[PDB]
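What follows is a short report on a single structure.
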Amino acid sequence: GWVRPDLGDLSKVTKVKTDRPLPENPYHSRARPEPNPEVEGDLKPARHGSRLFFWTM
Amino acid sequence: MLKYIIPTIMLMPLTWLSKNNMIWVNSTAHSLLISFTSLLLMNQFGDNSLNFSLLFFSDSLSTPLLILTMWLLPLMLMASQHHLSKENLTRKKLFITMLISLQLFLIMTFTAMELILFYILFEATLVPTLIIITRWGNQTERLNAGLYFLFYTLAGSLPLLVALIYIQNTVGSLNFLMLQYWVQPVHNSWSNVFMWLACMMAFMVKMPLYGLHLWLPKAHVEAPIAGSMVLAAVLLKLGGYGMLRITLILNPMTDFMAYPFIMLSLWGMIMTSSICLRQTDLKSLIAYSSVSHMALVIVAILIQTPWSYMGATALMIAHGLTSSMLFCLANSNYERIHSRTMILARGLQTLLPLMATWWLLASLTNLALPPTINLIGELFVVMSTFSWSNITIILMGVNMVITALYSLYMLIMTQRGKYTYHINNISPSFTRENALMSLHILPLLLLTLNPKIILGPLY
Ligand SMILES: CCCCCCCCCCCCCCCCCC(=O)OC[C@H](COP(=O)(O)OCCN)OC(=O)CCCCCCCCCCCCCCCCC
Ligand SMILES: CCCCCCCCCCCCO[C@@H]1O[C@H](CO)[C@@H](O[C@H]2O[C@H](CO)[C@@H](O)[C@H](O)[C@H]2O)[C@H](O)[C@H]1O
Numbered sequence: 115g116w117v118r119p120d121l122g123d124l125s126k127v128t129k130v131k132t133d134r135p136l137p138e139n140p141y142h143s144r145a146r147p148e149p150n151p152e153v154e155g156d157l158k159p160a161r162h163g164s165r166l167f168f169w170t171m
Numbered sequence: 001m002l003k004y005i006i007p008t009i010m011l012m013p014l015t016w017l018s019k020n021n022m023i024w025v026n027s028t029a030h031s032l033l034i035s036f037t038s039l040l041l042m043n044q045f046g047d048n049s050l051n052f053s054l055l056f057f058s059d060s061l062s063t064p065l066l067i068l069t070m071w072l073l074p075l076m077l078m079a080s081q082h083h084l085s086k087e088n089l090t091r092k093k094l095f096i097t098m099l100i101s102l103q104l105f106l107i108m109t110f111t112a113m114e115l116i117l118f119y120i121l122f123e124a125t126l127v128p129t130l131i132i133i134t135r136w137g138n139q140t141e142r143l144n145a146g147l148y149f150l151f152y153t154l155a156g157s158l159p160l161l162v163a164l165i166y167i168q169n170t171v172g173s174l175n176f177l178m179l180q181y182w183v184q185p186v187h188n189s190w191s192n193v194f195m196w197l198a199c200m201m202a203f204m205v206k207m208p209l210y211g212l213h214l215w216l217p218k219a220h221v222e223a224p225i226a227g228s229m230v231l232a233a234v235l236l237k238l239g240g241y242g243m244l245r246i247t248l249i250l251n252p253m254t255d256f257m258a259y260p261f262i263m264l265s266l267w268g269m270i271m272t273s274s275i276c277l278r279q280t281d282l283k284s285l286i287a288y289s290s291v292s293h294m295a296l297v298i299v300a301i302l303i304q305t306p307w308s309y310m311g312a313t314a315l316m317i318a319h320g321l322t323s324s325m326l327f328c329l330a331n332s333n334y335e336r337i338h339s340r341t342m343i344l345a346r347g348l349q350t351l352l353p354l355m356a357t358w359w360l361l362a363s364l365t366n367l368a369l370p371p372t373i374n375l376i377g378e379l380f381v382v383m384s385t386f387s388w389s390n391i392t393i394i395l396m397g398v399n400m401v402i403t404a405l406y407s408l409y410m411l412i413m414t415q416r417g418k419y420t421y422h423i424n425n426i427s428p429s430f431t432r433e434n435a436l437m438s439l440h441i442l443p444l445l446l447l448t449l450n451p452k453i454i455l456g457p458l459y
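Protein chains in written order, with the deposited numbering: chain X, 115 to 171; chain M, 1 to 459.
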């Protein structure tokens, strides 16, 4: 009772049920370094302007 | 300071929009009006300086220098308009523009509260000064004189720029008021030895210090009269004014770093006074006279005493008017005989009796006849250097003797004796020439009645 698969059958992506648990860290990754502390707040005008030498603005 | 900066700028539209025949009348009149209003800067207080804004302030040191600067502009216009008569009209207006722009840089230089704003304006005065010398000088050597003036100054200034920026980095500010309170002592080290040199060499070259003075006789002999007037009266005092301010942050290292420069000044003043006895060129004699006088100012600033600072402040003002007068007097002779050779035209008191009075008065102030402010300044310095070391009175005494010898030698050679026979174009002194001389000597003699306003912050 063996039926030959059709053209395109064997290239199908299929789903398979397994009782094996999905690996947790397949790449064996170390812990990622923490991100740089985010800078947040309300953008206020620069205090006393540029403050370049004598400039007052 | 905007009540002085803005009207000074408005002199440029006035000159360019004036009728072709009124450029001198208009610029002279309105520059005199600006000079009048500069007296309002004498609202000085016993404890606090006059601080107008974050950019400009005026204490008792800068106030007299500002008034000298603004008084000099009308005098320079009067002194130039004769030899510029044949000049092209646009090139006459460009000449006046160079003088106005110099006044602008100067009054901002003397009132800048921040030292890096002072540096830029202090340097900016070079361009108009150099252009005046090299464009409107008369001789071939004016080109070499421009280069010596430019590169002597820059050799010293560029180290000063590095030192000031380094000082701002470490102290956090260059505001002169802030420096008074945040100043820390300077401790010995080769690193501080060169910080001290960088902070003081730019000003030493401007004074000039003996040894570093060679640019000055070159520049004077080649500059036009107006250039020589501002050079001697004000631009030399940028060195003195800068030193009087920066020495605040150089203590106590100034105790021993001063020695090589006091030695140069104390000995240099005798050397340059003696050079005057053998000068053949009248302008060169007056140039070398300035070196001798400014040597006293350098010594006074470096010994750092209340009496020496008062003396230096008076000497700078007194020298400014006297040396400017002497250059103007020699110029009036030159406009007649067209040579600076001192011995060429003799016995002029016979031909120009009233101009011989000006020659006498100018000489008497130059030798510091009491109670002129020339004597007040020179005497206060001598009192303080005597306490610094008693033996200095020997060198001070000799300089006073030699100063009298060359001052009266210049008077006797040009004004007395027999007139030169073949010189027959000595026309009577013009009103412009006599008014120019009197506008030098009268304010100089008037200041004797009230000398406290030129004695500086330590009065
Ligand atoms: C340039 C004029 C000086 C000429 C001589 C040259 C001096 C040396 C130049 C090197 C740079 C030094 C300049 C020093 C001043 C700069 C620092 C400063 O001025 O502070 C910032 C300034 C705002 O100035 P502020 O104190 O706030 O006063 C406001 C008054 N309404 O904001 C600024 O920075 C801009 C101010 C620059 C100064 C010139 C502009 C002033 C506005 C007048 C412009 C002309 C308007 C009239 C147009 C006429 C058209 C024919
Ligand atoms: C017109 C030019 C004028 C030139 C004037 C010349 C002035 C000469 C000043 C010399 C004194 C310099 O200042 C001196 O420098 C050295 C820096 O190494 C400091 O001393 C430091 O280095 C020396 C090495 O020689 C160490 O032994 C010492 O332990 C260390 O603290 C001194 O504590 C300081 O007294």
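Each residue gets a CB set at the ideal place from its N, CA and C atoms; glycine is no exception.
Taking 8 Å as the threshold, the shortest C-beta distance from residue 116/M to chain X falls below it. Per DSSP, residue 359/M is one residue of the alpha helix (DSSP H) stretching across 353-366. Assigned with DSSP and collapsed to three states, residue 374/M falls in helix. In the three-state reduction of the DSSP assignment, residue 168/X falls in the coil class. Within the model, the alpha-carbon separation for residue 421/M versus residue 345/M is close to 9 Å.
Among the bridge pairs identified by DSSP, residue 62/M is matched with none. With a threshold of 8 Å between beta carbons, residue 104/M makes no contact with chain X. At a cut-off of 8 Å between beta carbons, residue 411/M makes no contact with chain X. Contact between residue 24/M and residue 81/M holds, since their C-beta atoms are separated by about 5 Å, short of 8 Å.
In this structure, ligand 2 has no non-hydrogen atom nearer than 7 Å to the beta-carbon of residue 265/M. Annotated three-state conformation of residue 112/M is strand, per DSSP. Under the three-pair Cβ rule at 8 Å, the region 69-89 of chain M counts as touching the region 98-108 of chain M. Across the structure, residue 336/M and residue 233/M are spaced so that their CA atoms are roughly 24 Å apart. Residue 161/M has a beta carbon lying at 8 Å or more from every beta carbon in chain X. A straight-line Cα-Cα distance of about 56 Å links residue 156/X and residue 125/X.
Rounded to the nearest whole angstrom, the CA to CA distance from residue 457/M to residue 428/M is 44 Å.
Considering only 167/M, 146/M, 34/M, 263/M, the residue with the shortest C-alpha distance to residue 126/M is 146/M. Burial check for residue 57/M: the Cβ neighbour count within 10 Å reaches 16 or more, so the residue is buried. The DSSP assignment places complete alpha helix (DSSP H) segments of no fewer than 4 residues inside the region 204-255 of chain M at 215-222, 225-230, 236-246, in order along the chain. Judged by DSSP in its simplified three-state form, residue 88/M adopts coil rather than helix or strand. The beta-bridge partner set that DSSP reports for residue 51/M consists of 57/M. Proximity of the region 128-143 of chain M to the region 107-120 of chain M falls short of the contact definition, fewer than three beta-carbon pairs being nearer than 8 Å.
A direct Cα-to-Cα measurement between residue 312/M and residue 381/M gives close to 7 Å. Secondary structure at residue 272/M: helix, using DSSP grouped into helix, strand and coil.
According to DSSP, residue pairing for residue 281/M in a beta bridge involves 341/M. Interface annotation for the region 39-70 of chain M against chain X: 54, 55, criterion Cβ-Cβ distance under 7 Å.
For residue 122/M, the shortest separation between its Cβ and any heavy atom of ligand 1 does not lie below 7 Å.
Within 7 Å of the C-beta of residue 299/M there is not a single heavy atom belonging to ligand 2.
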